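The structure appears right after this line, and notes come after that.
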There are 10 protein chains.
Amino acid sequence: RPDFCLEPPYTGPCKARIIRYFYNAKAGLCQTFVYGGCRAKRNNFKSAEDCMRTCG
Amino acid sequence: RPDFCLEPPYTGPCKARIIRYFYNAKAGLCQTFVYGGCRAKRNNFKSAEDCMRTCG
Amino acid sequence: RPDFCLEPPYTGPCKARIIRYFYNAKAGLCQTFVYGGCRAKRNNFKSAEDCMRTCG
Amino acid sequence: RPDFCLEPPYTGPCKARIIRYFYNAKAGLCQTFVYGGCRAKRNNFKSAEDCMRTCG
Amino acid sequence: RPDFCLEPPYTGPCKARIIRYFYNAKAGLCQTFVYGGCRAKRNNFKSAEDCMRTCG
Amino acid sequence: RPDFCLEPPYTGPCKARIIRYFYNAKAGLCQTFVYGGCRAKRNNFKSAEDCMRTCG
Amino acid sequence: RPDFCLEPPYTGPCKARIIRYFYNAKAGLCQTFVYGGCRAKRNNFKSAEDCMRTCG
Amino acid sequence: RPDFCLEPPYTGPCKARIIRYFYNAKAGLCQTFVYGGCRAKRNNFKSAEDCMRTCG
Amino acid sequence: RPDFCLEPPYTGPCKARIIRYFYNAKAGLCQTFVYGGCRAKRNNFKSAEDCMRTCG
Amino acid sequence: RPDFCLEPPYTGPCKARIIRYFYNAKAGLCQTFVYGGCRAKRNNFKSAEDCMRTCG
């Protein structure tokens with residue numbers, strides 16, 4: 001499991017309201033969060049499948 | 001049918017306005033509701049098929 | 001053709017702005033309308049194909 | 001090429017912010033525009049493929 | 001690699017908040033940005049795959 | 001009183017949030033609404049004085 | 001002093017961020033508040049002068 | 001009438017949401033458009049009066 | 001010179017981004033700052049002239 | 001012509017999007033730029049008249 005999977009979800013400065021998935025280390029699974037649309041961090045997945053496989 | 005299927009729909013504190021499905025015990029079927037984007041409860045399905053199969 | 005196909009489009013009390021299709025009896029075809037996200041009536045289709053097959 | 005392909009893009013009175021394609025006669029290709037969600041004119045395509053084939 | 005891949009992302013005058021991808025020459029990869037919905041420039045991709053293949 | 005004074009307020013496809021006035025036939029006076037910045041209809045006044053004199 | 005001068009400031013459902021003045025009965029003077037752009041109440045003044053004179 | 005009056009409106013790369021006027025040759029009058037705030041073309045007027053006098 | 005002229009600029013909890021002037025005791029003149037739109041402190045002037053005359 | 005007229009436009013760290021004018025030495029005239037709202041440099045004019053008289 002990569003170092004970035006432990007980062008907290010980052011929304012960013014943009015005004016969009018898109019659902020993205022992030023790995024919640026404490027909960028042990030991927031959850032949803034609102035992404036602003038720009039300047040994303042590595043713990044930001046468009047696909048839930050990708051999130052679990054990468055940070056599983 | 002799981003206990004969580006009897007829970008009322010939970011929008012959450014987030015700003016997004018995404019359509020999700022929840023099981024309406026009183027009506028006997030899955031209906032739509034607006035999900036905020038974060039902190040979802042279990043009675044929250046992205047797919048209607050999933051909702052009717054799980055709480056059917 | 002079901003009697004609900006003659007009902008006018010219902011947006012509902014919710015804040016979302018989703019495109020849904022409804023059958024316009026006067027025009028003879030399905031058209032688009034903005035669905036609020038909750039408490040939908042029968043003349044509300046996610047798919048245009050479904051709308052024109054059901055109320056065709 | 002149908003004459004409606006020469007119409008200017010019509011957003012309509014509705015509140016939604018949907019991307020639709022319209023044929024730009026001057027530019028010679030289909031471009032994007034924001035559709036309101038209701039009362040669409042003919043030069044309004046959900047699919048870019050459809051737009052280019054119809055007004056190509 | 002086409003010259004347009006070096007252009008900065010262009011949101012445009014429209015109200016929509018759509019996620020599109022653009023090539024960030026400095027970073028060496030495609031990133032997300034909010035597209036307004038109309039009058040797009042060339043460094044604007046609907047698909048991330050397309051962005052990377054074109055400006056890779 | 002011109003026929004256009006009976007039209008509903010039209011925000012348009014643009015991103016700006018400008019206050020403009022429109023004549024509300026039902027209420028009998030001019031009210032405010034948010035204009036997007038482009039492709040305005042006739043029932044759109046920069047000045048409240050103008051609105052009331054034209055559609056009074 | 002009119003009855004409406006005792007109403008609390010109303011922002012409304014619109015997305016603009018305009019400065020308007022309202023009479024604060026408790027403080028004894030007009031103060032600023034953010035008006036959304038539509039569906040205003042009577043305790044909403046564009047001009048501070050007007051606010052004090054009307055509810056003074 | 002100067003030839004720049006035939007140019008299409010240019011918003012520019014900047015983030016602001018300012019209303020400016022441009023001459024619409026096809027319509028025969030000045031209309032509004034959203035200016036980004038920097039790198040303005042010639043067909044960009046702060047004043048509507050100026051626009052109609054210059055490109056009238 | 002009033003005591004309040006020595007206070008630091010107060011943006012407040014509101015969403016607007018209005019330019020206001022405040023007296024900078026250290027610099028010896030009025031400067032600009034972003035006011036949120038509500039709950040303003042005394043070192044907040046709409047007019048620069050007023051700021052320099054009051055705290056001059 | 002003052003030495004500050006040769007400085008490049010400074011937006012600053014603030015979130016506002018105000019149009020200000022700056023002298024472009026290379027172009028020989030004042031142009032527009034987006035000012036953030038705080039910590040302005042000398043080549044920043046609220047009025048275009050002022051800009052061209054000071055750095056003319």
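Residues in the structure tokens are numbered from 1 in each chain, the chains being A, B, ... in the order shown, and ligands are numbered from 1 in the order shown.
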
Could you name the residues that touch residue 34 (chain E) at 9 Å or less, counting only C-alpha atoms, but leaving out those on the same chain fewer than 6 positions away, as a VMD selection string? (chain A and resid 14 to 16 36 to 38) or (chain E and resid 9 to 11 16 to 21)

Neighbours of residue 5 (chain J) within 8 Å (only C-alpha atoms; same-chain residues fewer than 5 positions away dropped), as an mmCIF file with N, CA, C and O atoms, in the first residue's frame?
```cif
data_model
loop_
_atom_site.group_PDB
_atom_site.id
_atom_site.type_symbol
_atom_site.label_atom_id
_atom_site.label_comp_id
_atom_site.auth_asym_id
_atom_site.auth_seq_id
_atom_site.Cartn_x
_atom_site.Cartn_y
_atom_site.Cartn_z
ATOM 1 N N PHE J 22 -2.969 48.667 -15.327
ATOM 2 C CA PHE J 22 -1.533 48.748 -15.090
ATOM 3 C C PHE J 22 -0.905 49.270 -16.376
ATOM 4 O O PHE J 22 -1.486 49.117 -17.460
ATOM 5 N N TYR J 23 0.248 49.915 -16.257
ATOM 6 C CA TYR J 23 0.923 50.432 -17.438
ATOM 7 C C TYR J 23 1.819 49.348 -18.036
ATOM 8 O O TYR J 23 2.634 48.736 -17.332
ATOM 9 N N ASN J 24 1.603 49.068 -19.320
ATOM 10 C CA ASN J 24 2.394 48.085 -20.039
ATOM 11 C C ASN J 24 3.430 48.891 -20.820
ATOM 12 O O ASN J 24 3.114 49.486 -21.857
ATOM 13 N N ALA J 25 4.657 48.930 -20.302
ATOM 14 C CA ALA J 25 5.747 49.669 -20.934
ATOM 15 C C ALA J 25 5.977 49.235 -22.382
ATOM 16 O O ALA J 25 6.123 50.077 -23.276
ATOM 17 N N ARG J 42 2.560 49.563 -6.702
ATOM 18 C CA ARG J 42 2.284 50.880 -7.278
ATOM 19 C C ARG J 42 1.658 50.921 -8.668
ATOM 20 O O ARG J 42 0.951 51.869 -9.005
ATOM 21 N N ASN J 43 1.948 49.918 -9.491
ATOM 22 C CA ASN J 43 1.387 49.863 -10.845
ATOM 23 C C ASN J 43 0.043 49.140 -10.754
ATOM 24 O O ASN J 43 -0.093 47.973 -11.155
ATOM 25 N N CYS J 55 1.474 57.441 -15.843
ATOM 26 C CA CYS J 55 2.512 56.759 -16.612
ATOM 27 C C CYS J 55 2.508 57.088 -18.112
ATOM 28 O O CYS J 55 3.070 56.333 -18.910
#
```

As an MDAnalysis selection string, please: all residues of chain G that backbone DSSP puts in helix (DSSP H, G or I). chainID G and resid 3:6 48:54

If DSSP is run on the backbone, what residues of chain C are strand (DSSP E or B)? A reply as a count of residues only would be ideal. 15

CA of residue 8 (chain G) to CA of residue 33 (chain F), distance in Å rounded to a single decimal: 20.8 Å

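Straight-line separation from CA of residue 46 (chain F) to CA of residue 27 (chain H): 20.2 Å.
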
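Proximity to chain E was assessed for F:56, F:13, F:28, F:2 counting only C-alpha atoms; the smallest distance is recorded for F:13.
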